[PDB]
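A short worksheet on the structure shown next.
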Amino acid sequence: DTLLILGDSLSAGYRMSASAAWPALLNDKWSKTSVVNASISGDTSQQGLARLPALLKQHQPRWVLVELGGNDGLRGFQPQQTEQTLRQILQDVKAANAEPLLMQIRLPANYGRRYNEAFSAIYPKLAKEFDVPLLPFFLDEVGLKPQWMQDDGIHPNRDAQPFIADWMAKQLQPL
């Protein structure tokens, strides 16, 4: 039984090998459930969708965690396009007889009010619409302690990955 992770940098591990990223650590903690990281750094929701048919056919997963949208805005997507692209992803996953698990995405910075509110709103909407688990953003409540950051202000470092895995383990275990 396979959990497919369809994410970006936060799941792929920015400037580190995938075997250092939290999905691989999650995998170890689990023979019971196999974990396959299909995440690629810098991914938009569009890129995720473009690969999804092939990945579903390849890994035939029972669950698919969707961690996408964070890169859409800086790539020039209006929130509507992000919404419709995620909708198609959820459709595809359901069609392939897998349970979508949708993670709420939190933006790093203020991109303005209209964009933030619109963007944030997409995920509760899609969760209700497809009646699928809406997971919170990576340790949303706690955030990430400063010592777990990389030289940029944004990406968790290699040392942070075990803690993210712990957290994800707890989120996913009832699903």
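By convention in this document, the chains of the structure tokens carry letters A, B, ... by their order, each chain's residues are numbered from 1, and ligands are numbered from 1 in the order they are shown.
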
Within 12 Å of residue 159 (chain A), counting only C-alpha atoms, which residues show up once you throw out same-chain ones fewer than 4 positions away? Write them as a PyMOL selection string, please.
chain A and resi 13+16+20-22+25+144-150+155+163-165

File dump, residues just selected, N, CA, C and O atoms, as a CSV table (one decimal), in the first residue's frame:
```csv
chain,number,residue,atom,x,y,z
A,13,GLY,N,12.7,18.3,-0.6
A,13,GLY,CA,13.9,18.6,0.0
A,13,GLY,C,14.7,19.5,-0.9
A,13,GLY,O,15.3,19.1,-1.8
A,16,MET,N,19.0,19.2,-1.2
A,16,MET,CA,19.3,18.0,-0.5
A,16,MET,C,18.7,16.8,-1.3
A,16,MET,O,17.7,17.0,-2.1
A,20,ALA,N,17.2,12.3,2.2
A,20,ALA,CA,17.3,13.2,3.4
A,20,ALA,C,16.0,13.9,3.7
A,20,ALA,O,15.8,14.3,4.9
A,21,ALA,N,15.1,14.0,2.7
A,21,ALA,CA,13.9,14.7,2.9
A,21,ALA,C,12.9,13.9,3.8
A,21,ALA,O,13.0,12.6,3.8
A,22,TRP,N,11.9,14.6,4.4
A,22,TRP,CA,11.1,13.9,5.4
A,22,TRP,C,10.3,12.7,4.9
A,22,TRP,O,10.0,11.8,5.7
A,25,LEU,N,12.3,9.6,5.5
A,25,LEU,CA,12.3,9.3,7.0
A,25,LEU,C,11.0,8.7,7.4
A,25,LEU,O,11.0,7.8,8.3
A,144,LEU,N,8.6,27.0,12.2
A,144,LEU,CA,9.9,26.4,12.3
A,144,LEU,C,10.9,27.2,13.1
A,144,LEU,O,11.0,28.4,12.8
A,145,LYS,N,11.5,26.6,14.1
A,145,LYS,CA,12.5,27.4,14.8
A,145,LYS,C,13.6,27.9,13.9
A,145,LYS,O,13.9,27.3,12.9
A,146,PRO,N,14.2,29.1,14.2
A,146,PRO,CA,15.2,29.7,13.2
A,146,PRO,C,16.4,28.8,12.9
A,146,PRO,O,16.9,28.9,11.8
A,147,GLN,N,16.8,27.9,13.8
A,147,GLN,CA,18.0,27.1,13.6
A,147,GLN,C,17.8,26.0,12.6
A,147,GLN,O,18.7,25.3,12.3
A,148,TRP,N,16.5,25.8,12.2
A,148,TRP,CA,16.2,24.8,11.2
A,148,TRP,C,16.1,25.3,9.8
A,148,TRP,O,15.7,24.5,8.9
A,149,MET,N,16.3,26.6,9.6
A,149,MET,CA,16.3,27.2,8.3
A,149,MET,C,17.6,27.1,7.5
A,149,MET,O,18.6,26.9,8.1
A,150,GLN,N,17.5,27.2,6.2
A,150,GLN,CA,18.6,27.3,5.4
A,150,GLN,C,19.1,28.8,5.2
A,150,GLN,O,18.4,29.6,5.8
A,155,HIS,N,13.5,27.8,3.4
A,155,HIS,CA,13.5,26.3,3.3
A,155,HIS,C,14.1,25.6,4.6
A,155,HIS,O,15.2,26.0,5.0
A,163,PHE,N,12.1,16.1,12.3
A,163,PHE,CA,11.0,16.7,13.0
A,163,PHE,C,9.7,16.9,12.2
A,163,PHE,O,8.7,16.6,12.7
A,164,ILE,N,9.9,17.3,10.9
A,164,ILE,CA,8.8,17.4,10.0
A,164,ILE,C,8.2,16.0,9.8
A,164,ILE,O,6.9,15.9,9.7
A,165,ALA,N,9.0,14.9,9.7
A,165,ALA,CA,8.5,13.6,9.6
A,165,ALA,C,7.7,13.1,10.7
A,165,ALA,O,6.6,12.6,10.5
```

Quick one: residues within 7 Å of residue 132 (chain A), only C-alpha atoms counted, chain neighbours fewer than 2 positions away excluded, as an NGL selection string?
:A and (100-101 or 127-128 or 130 or 134)

Would you mind exporting the chosen residues as a PDB file, in the first residue's frame, restricted to C-alpha atoms?
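After the write, again_34.pdb holds the following:
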```
ATOM      1  CA  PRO A 100      -6.601  12.661  -1.951  1.00  0.00           C
ATOM      2  CA  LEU A 101      -5.098  14.275   1.161  1.00  0.00           C
ATOM      3  CA  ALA A 127     -11.619  20.104   0.752  1.00  0.00           C
ATOM      4  CA  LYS A 128     -15.394  20.584   1.278  1.00  0.00           C
ATOM      5  CA  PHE A 130     -14.355  16.754  -2.688  1.00  0.00           C
ATOM      6  CA  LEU A 134      -7.552  19.053   4.772  1.00  0.00           C
TER       7      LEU A 134
END
```

Enter the distance from CA of residue 49 (chain A) to CA of residue 152 (chain A), in Å, rounded to one decimal.
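We find that CA of residue 49 (chain A) and CA of residue 152 (chain A) lie 27.7 Å from each other.
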
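Running DSSP on the backbone and keeping only strand (DSSP E or B), the residues of chain A that qualify are residues 2, 3, 4, 5, 6, 7, 34, 35, 36, 37, 63, 64, 65, 66, 67, 99, 100, 101, 102, 103, 134, 135, 149 and 156 of chain A.
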
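With only C-alpha atoms as the atoms that count, the minimum distance from residue 66 (chain A) to the choices A:142, A:118, A:86, A:6 is reached by A:6.
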
Contacts of region 89-99 of chain A within 12 Å, only C-alpha atoms, excl. fewer than 5 positions in-chain, as a PyMOL selection string:
chain A and resi 1-7+45-69+82-84+123+126-134+175

Keeping C-alpha atoms for every residue in the selection just given, could you write it to a file as a PDB file, in the first residue's frame?
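Listed below is the output, part-v6.pdb:
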```pdb
ATOM      1  CA  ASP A   1       0.000   0.000   0.000  1.00  0.00           C
ATOM      2  CA  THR A   2       1.450   3.251  -1.281  1.00  0.00           C
ATOM      3  CA  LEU A   3       1.279   6.885  -0.236  1.00  0.00           C
ATOM      4  CA  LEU A   4       2.323   9.119  -3.129  1.00  0.00           C
ATOM      5  CA  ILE A   5       3.638  12.550  -2.174  1.00  0.00           C
ATOM      6  CA  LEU A   6       2.949  15.108  -4.877  1.00  0.00           C
ATOM      7  CA  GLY A   7       4.685  18.245  -3.620  1.00  0.00           C
ATOM      8  CA  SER A  45       0.363  22.980  -9.448  1.00  0.00           C
ATOM      9  CA  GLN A  46       0.431  22.823 -13.287  1.00  0.00           C
ATOM     10  CA  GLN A  47       3.693  20.821 -13.282  1.00  0.00           C
ATOM     11  CA  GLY A  48       2.240  18.494 -10.634  1.00  0.00           C
ATOM     12  CA  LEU A  49      -0.818  17.866 -12.837  1.00  0.00           C
ATOM     13  CA  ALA A  50       1.300  17.301 -15.972  1.00  0.00           C
ATOM     14  CA  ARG A  51       3.096  14.376 -14.269  1.00  0.00           C
ATOM     15  CA  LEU A  52       0.143  12.993 -12.310  1.00  0.00           C
ATOM     16  CA  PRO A  53      -1.405  10.569 -14.896  1.00  0.00           C
ATOM     17  CA  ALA A  54       1.947   8.823 -15.416  1.00  0.00           C
ATOM     18  CA  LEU A  55       2.659   8.678 -11.668  1.00  0.00           C
ATOM     19  CA  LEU A  56      -0.771   7.201 -10.817  1.00  0.00           C
ATOM     20  CA  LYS A  57      -0.300   4.570 -13.538  1.00  0.00           C
ATOM     21  CA  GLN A  58       3.234   3.841 -12.248  1.00  0.00           C
ATOM     22  CA  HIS A  59       2.745   3.678  -8.472  1.00  0.00           C
ATOM     23  CA  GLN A  60      -0.995   2.806  -8.227  1.00  0.00           C
ATOM     24  CA  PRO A  61      -1.235   4.552  -4.812  1.00  0.00           C
ATOM     25  CA  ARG A  62      -4.033   4.224  -2.231  1.00  0.00           C
ATOM     26  CA  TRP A  63      -3.429   7.781  -0.957  1.00  0.00           C
ATOM     27  CA  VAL A  64      -2.004  10.930  -2.527  1.00  0.00           C
ATOM     28  CA  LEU A  65      -0.806  13.879  -0.454  1.00  0.00           C
ATOM     29  CA  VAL A  66      -1.127  17.147  -2.366  1.00  0.00           C
ATOM     30  CA  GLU A  67       1.261  19.919  -1.300  1.00  0.00           C
ATOM     31  CA  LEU A  68       1.037  22.382  -4.231  1.00  0.00           C
ATOM     32  CA  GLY A  69       0.175  26.031  -4.900  1.00  0.00           C
ATOM     33  CA  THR A  82      -4.511  27.450  -9.005  1.00  0.00           C
ATOM     34  CA  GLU A  83      -8.023  26.404  -7.912  1.00  0.00           C
ATOM     35  CA  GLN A  84      -8.961  24.778 -11.230  1.00  0.00           C
ATOM     36  CA  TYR A 123      -8.014  24.888   0.051  1.00  0.00           C
ATOM     37  CA  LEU A 126     -11.672  22.205  -2.435  1.00  0.00           C
ATOM     38  CA  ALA A 127     -11.619  20.104   0.752  1.00  0.00           C
ATOM     39  CA  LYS A 128     -15.394  20.584   1.278  1.00  0.00           C
ATOM     40  CA  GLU A 129     -16.146  20.121  -2.429  1.00  0.00           C
ATOM     41  CA  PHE A 130     -14.355  16.754  -2.688  1.00  0.00           C
ATOM     42  CA  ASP A 131     -15.009  15.872   0.980  1.00  0.00           C
ATOM     43  CA  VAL A 132     -11.323  15.061   1.563  1.00  0.00           C
ATOM     44  CA  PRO A 133      -8.984  15.515   4.569  1.00  0.00           C
ATOM     45  CA  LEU A 134      -7.552  19.053   4.772  1.00  0.00           C
ATOM     46  CA  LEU A 175      -5.809   8.319   7.307  1.00  0.00           C
TER      47      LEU A 175
END
```

From a DSSP calculation on the backbone, collect every residue of region 29-130 of chain A in alpha helix (DSSP H) and output the set as a VMD selection string.
chain A and resid 29 45 to 59 79 to 95 113 to 130

With N, CA and C atoms retained, export the selected residues as a compact mmCIF listing (two decimals), in the first residue's frame.
```
# COMPACT_ATOMS: atom_id res chain seq x y z
N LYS A 29 10.24 4.87 9.19
CA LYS A 29 9.39 4.70 10.36
C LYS A 29 8.24 3.73 10.09
N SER A 45 1.46 23.93 -9.40
CA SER A 45 0.36 22.98 -9.45
C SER A 45 0.21 22.39 -10.86
N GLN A 46 0.47 23.23 -11.88
CA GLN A 46 0.43 22.82 -13.29
C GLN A 46 1.43 21.70 -13.59
N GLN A 47 2.67 21.85 -13.10
CA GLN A 47 3.69 20.82 -13.28
C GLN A 47 3.29 19.52 -12.60
N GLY A 48 2.79 19.63 -11.37
CA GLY A 48 2.24 18.49 -10.63
C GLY A 48 1.22 17.72 -11.45
N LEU A 49 0.24 18.44 -12.02
CA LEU A 49 -0.82 17.87 -12.84
C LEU A 49 -0.29 17.18 -14.09
N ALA A 50 0.68 17.81 -14.75
CA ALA A 50 1.30 17.30 -15.97
C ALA A 50 1.93 15.92 -15.80
N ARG A 51 2.46 15.65 -14.60
CA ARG A 51 3.10 14.38 -14.27
C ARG A 51 2.15 13.34 -13.69
N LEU A 52 1.02 13.81 -13.13
CA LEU A 52 0.14 12.99 -12.31
C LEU A 52 -0.39 11.73 -12.98
N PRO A 53 -0.93 11.78 -14.22
CA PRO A 53 -1.40 10.57 -14.90
C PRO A 53 -0.37 9.45 -14.93
N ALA A 54 0.86 9.79 -15.31
CA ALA A 54 1.95 8.82 -15.42
C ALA A 54 2.29 8.24 -14.05
N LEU A 55 2.33 9.10 -13.02
CA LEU A 55 2.66 8.68 -11.67
C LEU A 55 1.62 7.74 -11.08
N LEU A 56 0.33 8.04 -11.29
CA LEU A 56 -0.77 7.20 -10.82
C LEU A 56 -0.69 5.83 -11.46
N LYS A 57 -0.44 5.81 -12.77
CA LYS A 57 -0.30 4.57 -13.54
C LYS A 57 0.89 3.75 -13.04
N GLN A 58 1.96 4.45 -12.66
CA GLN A 58 3.23 3.84 -12.25
C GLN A 58 3.15 3.23 -10.87
N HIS A 59 2.74 4.05 -9.88
CA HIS A 59 2.74 3.68 -8.47
C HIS A 59 1.42 3.20 -7.88
N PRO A 79 -5.25 33.13 -8.57
CA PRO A 79 -5.82 32.11 -7.69
C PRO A 79 -6.82 31.18 -8.36
N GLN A 80 -7.62 31.69 -9.30
CA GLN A 80 -8.58 30.87 -10.03
C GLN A 80 -7.90 29.69 -10.75
N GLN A 81 -6.79 29.96 -11.44
CA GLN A 81 -6.04 28.93 -12.16
C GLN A 81 -5.48 27.89 -11.20
N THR A 82 -5.00 28.35 -10.04
CA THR A 82 -4.51 27.45 -9.00
C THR A 82 -5.65 26.54 -8.55
N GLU A 83 -6.83 27.14 -8.34
CA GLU A 83 -8.02 26.40 -7.91
C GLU A 83 -8.41 25.33 -8.92
N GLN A 84 -8.53 25.71 -10.19
CA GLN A 84 -8.96 24.78 -11.23
C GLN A 84 -7.93 23.66 -11.46
N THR A 85 -6.65 23.99 -11.27
CA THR A 85 -5.57 23.03 -11.45
C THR A 85 -5.57 21.99 -10.33
N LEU A 86 -5.79 22.46 -9.09
CA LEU A 86 -5.93 21.58 -7.94
C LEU A 86 -7.18 20.72 -8.05
N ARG A 87 -8.26 21.31 -8.57
CA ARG A 87 -9.51 20.60 -8.78
C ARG A 87 -9.27 19.39 -9.67
N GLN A 88 -8.59 19.62 -10.80
CA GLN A 88 -8.24 18.56 -11.73
C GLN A 88 -7.37 17.48 -11.11
N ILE A 89 -6.43 17.89 -10.25
CA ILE A 89 -5.57 16.95 -9.54
C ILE A 89 -6.41 16.04 -8.64
N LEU A 90 -7.31 16.64 -7.86
CA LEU A 90 -8.18 15.89 -6.96
C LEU A 90 -9.09 14.95 -7.74
N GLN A 91 -9.66 15.43 -8.85
CA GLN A 91 -10.44 14.61 -9.76
C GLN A 91 -9.65 13.37 -10.19
N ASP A 92 -8.45 13.59 -10.74
CA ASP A 92 -7.58 12.52 -11.22
C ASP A 92 -7.29 11.47 -10.16
N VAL A 93 -6.95 11.93 -8.95
CA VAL A 93 -6.63 11.05 -7.84
C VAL A 93 -7.83 10.17 -7.49
N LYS A 94 -9.01 10.80 -7.36
CA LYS A 94 -10.24 10.07 -7.09
C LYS A 94 -10.52 9.05 -8.19
N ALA A 95 -10.38 9.48 -9.45
CA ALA A 95 -10.61 8.62 -10.60
C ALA A 95 -9.72 7.38 -10.58
N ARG A 113 -3.51 41.79 -0.06
CA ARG A 113 -4.70 41.28 0.61
C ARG A 113 -5.53 40.40 -0.31
N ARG A 114 -6.01 40.98 -1.41
CA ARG A 114 -6.77 40.27 -2.43
C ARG A 114 -6.20 38.91 -2.82
N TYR A 115 -4.87 38.80 -2.92
CA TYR A 115 -4.23 37.55 -3.34
C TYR A 115 -4.17 36.54 -2.19
N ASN A 116 -3.80 37.04 -1.01
CA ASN A 116 -3.61 36.17 0.13
C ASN A 116 -4.92 35.51 0.53
N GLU A 117 -5.96 36.35 0.67
CA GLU A 117 -7.27 35.88 1.11
C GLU A 117 -7.83 34.90 0.09
N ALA A 118 -7.73 35.27 -1.20
CA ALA A 118 -8.18 34.44 -2.31
C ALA A 118 -7.44 33.12 -2.36
N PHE A 119 -6.11 33.17 -2.24
CA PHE A 119 -5.27 31.98 -2.28
C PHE A 119 -5.61 31.03 -1.14
N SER A 120 -5.50 31.53 0.10
CA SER A 120 -5.80 30.75 1.30
C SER A 120 -7.16 30.05 1.26
N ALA A 121 -8.17 30.77 0.76
CA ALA A 121 -9.54 30.28 0.66
C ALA A 121 -9.72 29.07 -0.27
N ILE A 122 -8.81 28.89 -1.24
CA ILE A 122 -8.96 27.83 -2.22
C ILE A 122 -9.02 26.44 -1.56
N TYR A 123 -8.21 26.22 -0.52
CA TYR A 123 -8.01 24.89 0.05
C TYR A 123 -9.19 24.37 0.88
N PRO A 124 -9.77 25.17 1.80
CA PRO A 124 -11.01 24.77 2.48
C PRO A 124 -12.16 24.53 1.50
N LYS A 125 -12.20 25.32 0.43
CA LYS A 125 -13.22 25.18 -0.60
C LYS A 125 -13.11 23.81 -1.27
N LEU A 126 -11.91 23.48 -1.75
CA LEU A 126 -11.67 22.20 -2.44
C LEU A 126 -11.84 21.00 -1.51
N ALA A 127 -11.48 21.16 -0.24
CA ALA A 127 -11.62 20.10 0.75
C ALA A 127 -13.09 19.74 0.96
N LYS A 128 -13.94 20.76 1.14
CA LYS A 128 -15.39 20.58 1.28
C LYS A 128 -15.99 19.96 0.02
N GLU A 129 -15.61 20.51 -1.13
CA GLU A 129 -16.15 20.12 -2.43
C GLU A 129 -15.92 18.64 -2.74
N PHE A 130 -14.70 18.15 -2.48
CA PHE A 130 -14.36 16.75 -2.69
C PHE A 130 -14.48 15.90 -1.43
```

With only C-alpha atoms as the basis for distance, which of A:12, A:102, A:135, A:169 is at the shortest distance from residue 157 (chain A)?
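Distance minimum relative to residue 157 (chain A) lands on A:12.
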